[PDB]
Structure formats: structure tokens, C-alpha cells
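Trainee: Kindly return the folded structure for what I paste below:
(chains A and B, ligands or ions: 1)
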There are 2 protein chains.
Amino acid sequence: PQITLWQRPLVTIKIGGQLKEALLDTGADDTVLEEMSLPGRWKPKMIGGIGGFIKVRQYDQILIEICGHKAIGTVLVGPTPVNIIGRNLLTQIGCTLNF
Amino acid sequence: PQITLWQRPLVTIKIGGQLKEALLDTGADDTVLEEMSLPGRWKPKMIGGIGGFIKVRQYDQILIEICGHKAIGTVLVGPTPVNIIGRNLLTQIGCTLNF
Ligand SMILES: O=C(N[C@H]1c2ccccc2C[C@H]1O)[C@H](OCc1cccc(F)c1F)[C@H](O)[C@@H](O)[C@@H](OCc1cccc(F)c1F)C(=O)N[C@H]1c2ccccc2C[C@H]1O
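Mentor: Numbering: from 1, shown residues only, chains lettered A, B, ... in the order given. Take a look:
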């Protein structure tokens, strides 16, 4: 589909059998979701945004469906203000910017 | 053009007669550039992202050229780690997300 940007590019994602709303963010290198429970072991990671850095938990090879498109990749979990689908997963679903 | 997301979507912008590198950021509501001098009056504003909020100066009716495309809109100036072209200007150049 083609998504305009007059409003936030929010889409529904499915992870851990649950539906959540997330933002398609080309400005995010990685994907970070609000505090939640994921399986497996996690590794520590620091991600910096416009206001500074936050510590997040890194989970690898996580199944996540974005707008019906299945992706399997690294998902970060931490005190993010909103669920963010970053470039690591945007590339998996073949998302591009056009103008 | 069509921009893939394997790497950060950085483009050259022209503003205030200066050429700068900026990120096409669909996750950013507004456009914020690193400290610089702009004409006209400004209003203080607080913007929040990952890590928290930063104080920026809000300038309105600013003309910017993004990849040859002229756009007009509000531009925020402050301690942002990277120049960000947000939705307020991305819409003006007809930028969309496609997959
Ligand atoms: O932090 C980023 N990437 C980082 C990231 C994100 C997730 C995972 C990994 C990494 C690493 C890096 O790429 C991106 O910034 C460019 C950026 C790029 C590289 C290094 C940086 F330092 C950096 F700032 C990101 O797209 C932010 O722009 C955006 O985050 C999602 C978000 C959305 C809505 C409300 C929020 F509160 C919020 F957070 C955000 O903060 N949006 C806010 C914003 C921005 C400009 C003007 C106004 C407003 C208000 C709101 O829309």
C-alpha cells in the first residue's frame, strides 16, 4: 500500500499473538516496542534519540507481522514513547520512501 | 525518486542559503535542524522523542528545498543530534511510504 504522511504513519502489528499499533519510522535504525514480554534471552543495548539515550532489551529472531507482512528480526523493548518499526524491519517488508 | 531503507535516508537540503544533510524521518511530526540562524521571530517549544524532550526555537513560514523540491513550513532549531525532515515538510514534497 501507499501511505501518505499528513498523519502519523501508524499501522497495526501483531507480535506475541497480540495486536498493537506502531509507527513506521524511517528515522529509526531499529525497532523498539513498549515494555512487554518476549521469549528467550536478551542482550543490552543503548539507543539514542532526539532527547538522549534509553536502555532497551534486545531480542533476536522475533516474529512480527506488520500490516499483514510477516517479518522475523531484532526487536528492542524499553521505555520508548511509542511502538516504533525501524529500518531493520521496514527493509524486510520492502518499504521505500517515494516522491 | 525511490529511496530504499538499507541505509539512513539522508538527503541534501537547502535552507537559508546553506546546504545541509538531513534525514527523511517519517517518525518525526516536525522538522528540526541543528543550531543555526534563521530570519524572523521565533517561539520556544519543547519536543519529545526517545530519551526525552529538548527545547527548540520554532520558526514559521520557512522555505526549504529538499532534493530540488521547494517546500514551506515550520522549522524548529535546537540541540538535535541530526537534522530531521519531518512529516510537516515531507507531505509538501509528496513523499509517501510504499510497500
Ligand atoms: O530517534 C530516532 N532514531 C533513533 C532510534 C529509534 C528507535 C530505535 C533505534 C534508534 C536509533 C536512532 O535511529 C529518530 O529521530 C532522528 C534521529 C536519527 C538518528 C540518530 C538520532 F539521535 C535521532 F534523533 C525518530 O524518527 C524520531 O525522530 C522519532 O521517534 C519516534 C517517536 C514518534 C512519536 C512520538 C515520540 F515521543 C517518539 F520517540 C521522534 O522523536 N519523533 C518526535 C519528533 C522529532 C522531530 C521533531 C518533533 C517531534 C515530535 C515527535 O514526532
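Trainee: make it CA atoms for all contacts and neighbour counts henceforth
Mentor: Fine.
Trainee: How about residue A:69, nearest residue that isn't a chain neighbour?
Mentor: Distances taken as C-alpha to C-alpha, 6 or more residues apart in numbering or on different chains put residue A:93 closest to residue A:69, at 6.3 Å, once the chain neighbours are dropped.
Trainee: Leaving out sequence neighbours, find the closest residue to the residue nearest to the spatial centre of chain A.
Mentor: Nearest to the mean C-alpha position of chain A, by C-alpha atoms, centre = their mean, lies residue A:85 at 2.6 Å. With C-alpha to C-alpha, 6+ apart as the criterion, residue A:85 has its nearest non-adjacent residue at 4.6 Å, and that residue is residue A:31.
Trainee: now stretch A:16-32, how far from the centre of its chain.
Mentor: Computed by C-alpha atoms, centre = their mean, to the nearest Å, the chain-centroid distance of stretch A:16-32 equals 3 Å.
Trainee: what's next to that stretch, contact-wise?
Mentor: Applying C-alpha atoms under 8 Å, 6 or more residues apart in numbering or on different chains, the set of residues contacting stretch A:16-32 from outside is A:8-14, A:38, A:63-64, A:74-78, A:80, A:82-90, B:5, B:8-9, B:23-28.
Trainee: which other helices and strands contact the helix or strand hosting residue A:54?
Mentor: Taking DSSP states H and E as the definition, residue A:54 sits inside strand A:52-66. Counting contacts by 3 or more C-alpha pairs under 8 Å, 6 or more residues apart in numbering or on different chains; DSSP states H and E, strand A:52-66 is packed against strand A:10-15, strand A:43-49, strand A:69-77.
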